[PDB]
Participant: 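Handing you a structure now.
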Amino acid sequence: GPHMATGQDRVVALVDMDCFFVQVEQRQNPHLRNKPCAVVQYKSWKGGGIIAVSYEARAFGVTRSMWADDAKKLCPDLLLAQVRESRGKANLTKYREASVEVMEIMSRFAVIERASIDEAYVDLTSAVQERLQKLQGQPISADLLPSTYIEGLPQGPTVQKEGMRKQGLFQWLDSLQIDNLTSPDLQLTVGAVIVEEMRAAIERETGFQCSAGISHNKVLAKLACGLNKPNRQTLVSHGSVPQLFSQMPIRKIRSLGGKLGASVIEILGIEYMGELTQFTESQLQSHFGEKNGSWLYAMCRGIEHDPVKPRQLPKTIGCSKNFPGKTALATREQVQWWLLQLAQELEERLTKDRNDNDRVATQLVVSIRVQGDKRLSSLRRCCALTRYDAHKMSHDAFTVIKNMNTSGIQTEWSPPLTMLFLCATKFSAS
DNA sequence: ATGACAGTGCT
DNA sequence: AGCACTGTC
């Protein structure tokens with residue numbers, strides 16, 4: 001009734017750079033622009049691993065995870081850009097620096113949470129209030145929303161994509177100006193206007209295109225972002241949620257794409273997010289735990305409270321390398337050389353981080369994987385990170401893992417190592 | 001023989 | 001603290 005919270009208190013956006021690593025390489029090499037293109041990591045084994053794919057290449061069936069030799073079978077004209085290799089390993093510095101470019105532009109408009117190297121959540125609630133004052137009750141023109149889709153529209157009583165988009169936007173804005181929508185709907189709409197301006201600034205100032213979702217919380221904003229790509233943005237209103245969720249597979253909602261989502265499907269015998277509304281909160285808690293149950297109860301009604309955290313910078317700075325199949329590290333000299341390679345990249349990134357961001361890491365996490373273990377990590381151990389010195393970090397890492405060598409000799413390493421991982425964590429102001 | 005990243009939550 | 005889980009390009 002009048003005491004039922006509807007989760008309409010915030011305006012939240014999720015901005016996602018379209019096939020980001022590809023765009024970085026296309027900006028640098030114009031010959032790659034507007035072509036089927038992919039970014040490949042390494043090159044010797046089966047042509048290298050594809051890690052990013054342009055939308056033109058996706059139309060041929062090229063996907064991430066694919067071996068480049070296989071991608072070329074689907075797309076013979078596929079162009080490839082190679083990830084930089086330094087100290088024997090893939091080095092993602094170019095993409096990290098490009099991400100900083102975008103995040104600094106986004107930070108001019110609103111509070112941002114860096115979700116990944118190319119996604120940020122945006123809390124627009126305050127900016128929308130400000131913009132609503134300036135407008136002075138003047139209606140919002142469709143020209144302010146030139147790339148916005150309104151999910152669920154058009155409805156009721158053109159066979160072209162852009163024409164559908166405009167029809168839906170007109171229906172939305174017409175009902176807005178007649179006062180047939182709600183005050184949260186107006187807030188979302190102003191939020192979308194700001195996101196158009198943010199995306200325009202990103203493209204003008206970096207060359208990069210992005211897509212975005214605008215809704216009342218992070219889960220709906222992320223879901224919204226994926227509905228119309230590339231280079232478009234989608235507004236998911238609270239009212240659109242029942243129809244949207246009625247055929248939405250549970251795995252599409254963030255945090256339900258793995259084992260928990262699979263258990264929701266199996267235990268409850270349902271397929272779609274909207275089907276969750278038929279269970280009580282206590283029922284859901286009894287199957288999935290207190291926290292998950294409460295979260296699911298609210299989420300299937302379009303409600304989520306997870307805040308956009310004010311976090312511009314990554315919380316960890318890590319370096320890793322796999323050694324699959326025959327390349328597994330089988331000797332002590334190997335392990336120490338590679339630990340040094342990883343530690344040297346980490347030292348370089350850590351020193352740069354300290355200069356730019358006035359912070360120092362205090363913990364070094366060391367993880368390895370041994371040949372045979374089905375889990376991605378076999379062992380994780382931490383030690384103090386007291387100096388940004390690669391030779392010290394590599395020695396400390398060796399010290400904390402050396403006991404895992406169950407081999408007879410000190411010169412051999414068994415069972416061989418299929419992964420080394422160093423991660424600097426626990427940052428303090430400096 | 002996807003890799004190389006990253007953040008959150010459990011116990 | 002060490003690990004499992006979930007997500008990114």
Side-chain angles (χ1 to χ4, degrees), chain A residues 14 16-25 38-54 63-71 81 83-86 89-96 98-99 102 113-121 208 210 218-219 222 225-226 251-263 288-292 295 306-307 309 311 313-328 342 345-346 349 363 365-369 371 373 375-383 400 418-426:
Chain A
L14 186 272
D16 187 21
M17 310 300 296
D18 298 329
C19 50
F20 184 50
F21 287 16
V22 169
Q23 284 202 85
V24 175
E25 299 296 336
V39 175
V40 67
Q41 196 165 246
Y42 305 118
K43 203 84 187 71
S44 299
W45 184 268
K46 288 177 178 177
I50 302 293
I51 64 169
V53 185
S54 82
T63 66
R64 197 182 294 95
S65 88
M66 199 163 266
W67 296 117
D69 284 349
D70 294 334
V83 179
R84 170 185 160 189
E85 281 181 56
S86 303
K89 66 181 290 299
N91 185 305
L92 306 176
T93 296
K94 188 194 306 190
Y95 315 110
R96 294 197 183 89
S99 180
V102 173
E113 181 187 336
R114 185 195 193 273
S116 65
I117 188 151
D118 92 314
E119 299 184 318
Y121 293 95
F208 301 140
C210 61
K218 294 165 68 171
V219 164
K222 181 176 186 27
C225 186
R251 65 176 179 279
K252 304 290 179 188
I253 279 57
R254 192 197 42 120
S255 76
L256 301 187
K259 294 179 179 190
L260 172 61
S263 68
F288 311 113
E290 180 183 311
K291 175 161 173 162
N292 288 335
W295 185 86
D306 185 36
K309 298 169 164 212
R311 194 182 69 221
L313 306 176
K315 307 167 68 178
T316 57
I317 294 179
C319 208
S320 77
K321 187 169 181 40
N322 294 343
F323 300 94
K326 174 168 185 300
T327 71
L342 286 176
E345 175 185 329
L346 192 58
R349 288 166 58 192
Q363 186 174 67
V365 181
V366 184
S367 178
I368 64 176
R369 195 195 194 182
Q371 196 160 45
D373 193 336
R375 305 167 303 160
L376 290 88
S377 170
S378 296
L379 167 158
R380 199 201 92 130
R381 299 278 191 269
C382 62
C383 70
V400 313
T418 53
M419 182 274 296
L420 297 177
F421 176 37
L422 300 181
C423 188
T425 72
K426 296 205 180 320

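In the text below, chain A, chain B and the rest are named by the order of the sequence lines, each starting its count at 1.
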Participant: Report yes if at least one side-chain N or O of A:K315 is closer than 4.0 Å to OP1 or OP2 of B:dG7; otherwise report no.
Facilitator: no

Participant: Verify the contact: side-chain N or O of A:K321 to OP1 or OP2 of B:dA4, cut-off strictly under 4.0 Å; return yes or no.
Facilitator: yes

Participant: Over how many whole Å does the gap from A:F421 atom CZ to B:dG7 atom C1' extend?
Facilitator: 12 Å

Participant: Hey, which sits more toward the 5' end of DNA chain B by its nearest nucleotide, A:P324 or A:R114?
Facilitator: A:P324

Participant: Just checking A:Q41: base, sugar-phosphate only, or nothing, at a heavy-atom cut-off of under 4.0 Å?
Facilitator: base

Participant: Please report, rounded to the nearest Å, how far the P atom of C:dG7 is from the OH atom of A:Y121.
Facilitator: 10 Å

Participant: Let me know the distance between CD of A:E119 and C1' of C:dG7, rounded to the nearest Å.
Facilitator: 8 Å

Participant: For A:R349, answer base if it contacts any base atom (sugar-phosphate contacts may also be present), sugar-phosphate if it contacts only those atoms, and nothing otherwise; contact means non-hydrogen atoms under 4.0 Å.
Facilitator: sugar-phosphate

Participant: Any idea which of C:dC3, C:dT8, B:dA1 is nearest the A:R380 side chain?
Facilitator: C:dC3

Participant: OP1 or OP2 of B:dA4 sitting under 4.0 Å from any side-chain N/O of A:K89?
Facilitator: no

Participant: In the structure I gave you, are the side-chain heavy atoms of A:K321 and A:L420 within less than 4.5 Å of one another anywhere?
Facilitator: no

Participant: Based on whether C1'-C2'-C3'-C4' is positive or negative, which pucker family does C:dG7 belong to?
Facilitator: north

Participant: Is a side-chain donor or acceptor of A:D70 paired with a backbone partner of A:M66 at a separation under 3.5 angstrom?
Facilitator: no

Participant: Could you check how far CZ of A:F208 sits from P of C:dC9, rounded to whole Å?
Facilitator: 14 Å

Participant: Which nucleotide in the set B:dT8, B:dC5, C:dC9 lies at the smallest distance from any side-chain heavy atom of A:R311?
Facilitator: B:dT8

Participant: Under 4.0 Å, counting only non-hydrogen atoms across every strand here, what does A:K426 touch: a base, just sugar-phosphate, or nothing?
Facilitator: nothing

Participant: Heavy atoms only, 4.0 Å cut-off, all strands: where does A:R254 land among base, sugar-phosphate and nothing?
Facilitator: sugar-phosphate

Participant: Any chance you could lay out the salt bridge (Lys or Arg N to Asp or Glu O under 4.0 Å) test for A:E85 and A:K89, step after step, and finish with the verdict?
Facilitator: CA-CA 5 Å; A:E85 281 181 56; A:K89 66 181 290 299; over 6 Å; no

Participant: Within the pair A:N322 and B:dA4, is there a side-chain N or O less than 4.0 Å away from OP1 or OP2?
Facilitator: yes

Participant: Write down the distance separating the P atoms in C:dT8 and B:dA1, rounded off to the nearest Å.
Facilitator: 25 Å

Participant: With no hydrogens and no angle check, do the side chains of A:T418 and A:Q371 hold a donor and an acceptor under 3.5 Å apart?
Facilitator: no

Participant: For A:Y95, answer base if it contacts any base atom (sugar-phosphate contacts may also be present), sugar-phosphate if it contacts only those atoms, and nothing otherwise; contact means non-hydrogen atoms under 4.0 Å.
Facilitator: nothing

Participant: Take atom CG of A:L256 and atom P of B:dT8, then tell me their distance rounded to the nearest Å.
Facilitator: 17 Å

Participant: Figure out the CG/P separation between A:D16 and C:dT8, and round it to whole Å.
Facilitator: 8 Å

Participant: Have a look at A:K94 and say if it touches a base, only the backbone sugar-phosphate, or nothing, with a 4.0 Å heavy-atom cut-off.
Facilitator: nothing

Participant: If you round to the nearest 0.5 Å, how far is CE of A:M419 from OG of A:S367?
Facilitator: 3.5 Å

Participant: Does a side-chain N or O of A:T316 approach OP1 or OP2 of B:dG7 to a distance below 4.0 Å, or not?
Facilitator: yes

Participant: How is A:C382 classified with respect to the nucleic acid when contacts are heavy atoms under 4.0 Å: base, sugar-phosphate, or nothing?
Facilitator: sugar-phosphate

Participant: I'd like to check, for A:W45, whether its ring lies over the base of B:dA1 with centroids under 5.5 Å apart and a plane angle smaller than 30°.
Facilitator: yes

Participant: Does a nitrogen or oxygen in the side chain of A:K46 sit under 4.0 Å from OP1 or OP2 of B:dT2?
Facilitator: no

Participant: 5'-most contact on DNA chain B: A:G49 or A:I317, nearest heavy atom basis?
Facilitator: A:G49

Participant: Donor-acceptor pair, A:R369 side chain versus A:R375 backbone, under 3.5 Å?
Facilitator: yes

Participant: Could you state the NZ-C1' distance from A:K259 to C:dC3, rounded to the nearest angstrom?
Facilitator: 12 Å

Participant: Counting any heavy atom closer than 4.0 Å, what does A:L260 reach on the DNA or RNA strands: base, sugar-phosphate only, or nothing?
Facilitator: sugar-phosphate

Participant: Any side-chain N or O of A:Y42 under 4.0 Å from OP1/OP2 of B:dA4?
Facilitator: yes

Participant: Looking across every strand, which nucleic acid part, if any, lies under 4.0 Å from A:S255 by heavy atom: base, sugar-phosphate, or nothing?
Facilitator: sugar-phosphate

Participant: Could you tell me whether A:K326 contacts a base, only the sugar-phosphate backbone, or nothing, with contacts defined as non-hydrogen atoms closer than 4.0 Å?
Facilitator: nothing

Participant: Which part of the nucleic acid does A:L92 contact within heavy-atom distance under 4.0 Å: base, sugar-phosphate only, or nothing?
Facilitator: sugar-phosphate

Participant: Could you work out which one of C:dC9, B:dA1, C:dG2 sits closest to the side chain of A:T327?
Facilitator: B:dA1

Participant: Quick one: does any side-chain atom of A:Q23 pair with a main-chain N or O of A:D18 as donor and acceptor, under 3.5 Å?
Facilitator: yes

Participant: Is any side-chain nitrogen or oxygen of A:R375 closer than 4.0 Å to OP1 or OP2 of C:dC5?
Facilitator: no

Participant: To the nearest angstrom, how far is A:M419 atom CE from B:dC5 atom P?
Facilitator: 12 Å

Participant: Would you call the rings of A:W45 and A:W67 parallel, tilted or perpendicular, where under 30° means parallel and over 60° means perpendicular?
Facilitator: perpendicular

